[PDB]
Amino acid sequence: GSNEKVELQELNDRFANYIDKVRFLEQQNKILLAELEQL
């Protein structure tokens, strides 16, 4: 019911925030690696 509904929306939303963050950090890892290899 209503409590479970809020629960699944929260799960979806927290996952969205997570995947966005880790996708950004993976991009950053690759940028950093490339910058460091220019030493």
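- Method-wise, the PDB entry is recorded as coming from X-ray crystallography, at a reported resolution of 1.40 Å.

- Per the PDB record, the entry is named "HUMAN VIMENTIN COIL 1A FRAGMENT (1A)".

With respect to the overall build of the protein chain
Moving on, step 1. Helix and strand counts for the protein chain stand at one helix and zero strands.
Moving on, step 2. By its C-alpha atoms, the protein chain is 60 × 5 × 5 Å across when sized along the principal axes.
Moving on, step 3. About 4,000 Å² of surface is accessible on the protein chain, with carbon and sulfur atoms providing 57% of the total.
Moving on, step 4. Taken together, the 5 basic and 8 acidic charged side chains of the protein chain have centroids lying 3 Å from each other.

Remarks on a nonpolar patch on the surface
Moving on, step 1. Judged by side-chain polarity, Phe 15, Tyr 18 and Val 22 come together as a nonpolar surface patch covering roughly 310 Å² of accessible area.
Moving on, step 2. By secondary structure assignment, the location of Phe 15 is in helix α1 (residues 2–36).

Focus: a negative patch on the surface
Moving on, step 1. Together, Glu 4, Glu 7, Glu 10 and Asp 13 line one region of the surface with negative charge.
Moving on, step 2. By secondary structure assignment, the location of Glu 4 is in helix α1.
Moving on, step 3. Under the relative-accessibility criterion, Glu 4 is labelled partly exposed at 35%.

The rules behind these values
Residues numbered from 1 in each chain as written, not as in the entry; some residues may be left out. Heavy atoms only, no water. Helix = DSSP H or I, 4+ residues; strand = E, 2+ residues; numbered from the N terminus. Areas by Shrake-Rupley, 256 points an atom, 1.4 Å probe, with all protein chains shown as cover. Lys, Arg positive; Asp, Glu negative; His and termini not counted. Charge placed at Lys NZ, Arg CZ, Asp CG, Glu CD. Patch = residues over 30% accessible without salt bridge, like charges linked within 9 Å, V, L, I, M, F, W, Y side chains within 5 Å. Salt bridge = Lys/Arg side-chain N within 4 Å of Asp/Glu carboxyl O. Buried < 20%, exposed > 50% of the residue type's maximum accessible area, 1.4 Å probe, protein only.

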